[PDB]
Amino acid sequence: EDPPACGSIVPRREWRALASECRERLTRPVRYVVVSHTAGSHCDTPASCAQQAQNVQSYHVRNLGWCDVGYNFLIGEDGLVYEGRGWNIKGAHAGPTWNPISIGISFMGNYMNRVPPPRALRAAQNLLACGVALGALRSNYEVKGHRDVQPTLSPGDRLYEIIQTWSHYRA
């Protein structure tokens, strides 16, 4: 297996995820990381956030027909990172141009009129940091916002502002 490490990720089974059915693999090492917000309900507790990860994947699978939840990872306001498709399966979160080359991470909540908690922001930079040590993320990765790659109000005005402060951020 993988003795409980990296960025404290809540595994798929722990948030009661329907089994993935995706097979498109992503080209390690990855250059881009796109940050989006789900624009759904936000939660703060491990209990409420697992239920939300479940709810997001369910909308992507039962309704949109996708092979699994779109994002490679979801960040809850509880400060935990939720495993979506992982570092190896091409996501689906920023269109055909970016899905095969960037890793998508999504903040659960609407951040148009709100900001995620520091802990959520920590879990997120931390998550990327742990990407690098695995080979999934190339040490000198670039971070784009959803707006920057596709006409979307995502990840929200207030969260978008913060994303720009980040070091690895490109234009």
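When you see a residue number, it is the position in the sequence shown, counting from 1. Throughout, rigid core stands for the largest set of C-alpha atoms superposing within 1.5 Å between the two forms.
- Put simply, when the other structures in 9 other deposited structures of this protein are lined up on the rigid core, the C-alpha atoms of 6-14 lie farther off than those of the other stretch, from 145-153 and 6-14.
- Averaged over their C-alpha atoms, the temperature factors of 115-123 and 135-143 are higher for 135-143.
- In this entry, 24-32 shows the higher mean Cα temperature factor of the pair 64-72 and 24-32.
- Ranked against the other modelled residues of its chain, the C-alpha B-factor of residue 82 as given in the entry falls in the lowest third.
- Per the PDB record, residue ranking by Cα B-factor puts residue 43 in the middle third of the chain.
- In this PDB entry, the Cα temperature factor of residue 103 sits in the middle third of its chain's modelled residues.
- The PDB entry assigns residue 56 a C-alpha temperature factor belonging to the lowest third of its chain's modelled residues.
- Annotation for residue 49: CA B-factor lies in the lowest third of the chain's modelled residues.
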